[PDB]
Amino acid sequence: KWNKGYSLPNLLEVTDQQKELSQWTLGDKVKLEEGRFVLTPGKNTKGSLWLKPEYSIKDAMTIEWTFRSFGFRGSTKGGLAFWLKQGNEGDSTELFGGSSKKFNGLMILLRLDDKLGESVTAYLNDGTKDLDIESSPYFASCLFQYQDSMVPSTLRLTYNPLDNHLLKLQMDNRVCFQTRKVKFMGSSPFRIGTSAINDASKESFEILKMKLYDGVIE
Ligand SMILES: [K+]
Ligand SMILES: [K+]
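In the deposited numbering, the protein residues as written are 9 to 226.
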């Protein structure tokens, strides 16, 4: 059902890290520890997980990330990003440990937004300008509690070009937003990943599971 080539293996069940994670790039301080990835294991650390192969959609797709933030509740500029990006590259991690401020794609961000607070905010960039997280606009949002939970959450992104590019984003099976503004994935290969950065308070951003499906799931 899920596309193994564009998913994480069951992390707990991994016996050969090198073989079963061959399709993934571990960036910066991310470590596999007792069955999950800790993106930000230390004070003021960054980490990322990126799929090596670019993904080309057939009809529709679903991406499900299972994540949590553990160990810290309070004020911080740290956050956790989920990315769909297209076009060339660079090695920048200036934006949430994951990207240049100038990128072409979609960033779905869990952070303390300066006006919403604890939230999911979704941003599009077309590669021509620097995203300033304070002043650049997001196109969609919801309020969502994530700090300091052992209990993980699932972000589910469904995207169907055949339904005029309907993208739905659910958090724990509840709709955060729906949009038809994100169209680039229908007609171009793109890269899939996640990244996070914390501060000295040592917020632990963690990835427990990731699955991609070559369709819209019931
Ligand atoms: K690897
Ligand atoms: K903003």
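Backbone N, C-alpha and C define an ideal beta-carbon position, used for all residues, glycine too.
For ligand 1, any of its heavy atoms closer than 8 Å to the Cβ of residue i?
{"i": "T166", "result": "no"}
{"i": "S56", "result": "no"}
{"i": "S30", "result": "yes"}
{"i": "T33", "result": "yes"}
{"i": "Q94", "result": "no"}
{"i": "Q26", "result": "yes"}
Hey, would you say residue i sits closer than 9 Å to residue j, going by beta carbons?
{"i": "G223", "j": "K109", "result": "no"}
{"i": "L16", "j": "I215", "result": "yes"}
{"i": "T202", "j": "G106", "result": "yes"}
{"i": "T53", "j": "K27", "result": "no"}
{"i": "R164", "j": "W58", "result": "no"}
{"i": "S64", "j": "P197", "result": "yes"}
{"i": "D180", "j": "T162", "result": "yes"}
{"i": "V190", "j": "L175", "result": "yes"}
{"i": "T74", "j": "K217", "result": "yes"}
{"i": "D138", "j": "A68", "result": "no"}
{"i": "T187", "j": "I225", "result": "no"}
{"i": "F192", "j": "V46", "result": "no"}
Let me confirm a value: residue i is counted as buried when at least 16 other C-beta atoms fall within 10 Å, else exposed. Which label applies?
{"i": "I71", "result": "buried"}
{"i": "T23", "result": "exposed"}
{"i": "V183", "result": "exposed"}
{"i": "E62", "result": "exposed"}
{"i": "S144", "result": "exposed"}
{"i": "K219", "result": "buried"}
{"i": "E211", "result": "buried"}
{"i": "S56", "result": "buried"}
{"i": "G35", "result": "buried"}
{"i": "residue 251", "result": "Absent from the structure is residue 251, since the part of the chain shown begins at 9 and ends at 226."}
{"i": "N206", "result": "buried"}
{"i": "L132", "result": "buried"}
Using a Cβ-based criterion (distance less than 8 Å to any ligand heavy atom), does residue i qualify as near ligand 2?
{"i": "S143", "result": "yes"}
{"i": "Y146", "result": "yes"}
{"i": "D122", "result": "yes"}
{"i": "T129", "result": "yes"}
With a cut-off of 8 Å on the beta carbons, I'd call residue i and residue j a contact; round off their distance for me.
{"i": "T129", "j": "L117", "result": "5 Å"}
{"i": "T84", "j": "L40", "result": "That pair is no contact at about 24 Å."}
{"i": "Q155", "j": "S77", "result": "5 Å"}
{"i": "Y221", "j": "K9", "result": "6 Å"}
{"i": "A204", "j": "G43", "result": "Going by Cβ atoms, the distance from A204 to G43 rounds to 18 Å, so no, they are not a contact pair."}
{"i": "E126", "j": "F104", "result": "That belief does not hold up - the Cβ atoms of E126 and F104 are roughly 15 Å apart, past 8 Å."}
{"i": "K51", "j": "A208", "result": "5 Å"}
Please tell me whether, using a cut-off of 8 Å, the distance from the CB of residue i to the nearest non-hydrogen atom of ligand 3 is below it.
{"i": "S209", "result": "This structure lacks ligand 3; its bound ligands are ligand 1 and ligand 2."}
Check whether the region 106-122 and the region 74-91 touch, using three or more Cβ-Cβ pairs below 8 Å as the test.
yes
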